[PDB]
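Heads up, the chain below is alone and in the form deposited without the partner chain; it's given as structure tokens.
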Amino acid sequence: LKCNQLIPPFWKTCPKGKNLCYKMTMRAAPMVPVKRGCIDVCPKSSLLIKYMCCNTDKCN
């Protein structure tokens, strides 16, 4: 269970508990990928920022 952060080859193995990941793109702008990382589950997405969470590696 691992996930890529932004774009060039740089992913990381997620820690126990957090077998999921995400990609916080901004809704303010179209979908600007600001954050990306290893979590468990997505928090409350803000109207200004979309939290694109998943359980599968690479998805972010």
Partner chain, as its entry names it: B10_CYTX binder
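Positions refer to the first chain, counted from 1.
The same protein also has a form solved in complex with the partner chain, omitted here; what follows describes it.
Using a 4.5 Å cutoff between non-hydrogen atoms, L20 does not count as a contact of the partner chain in the deposited complex.
The shortest heavy atom separation between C14 and the partner chain in the deposited complex exceeds 4.5 Å. Applying a 4.5 Å heavy atom cutoff to the partner chain in the deposited complex picks out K18, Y22, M24, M26, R27, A28, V34, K35 from 15-35, in order along the sequence.
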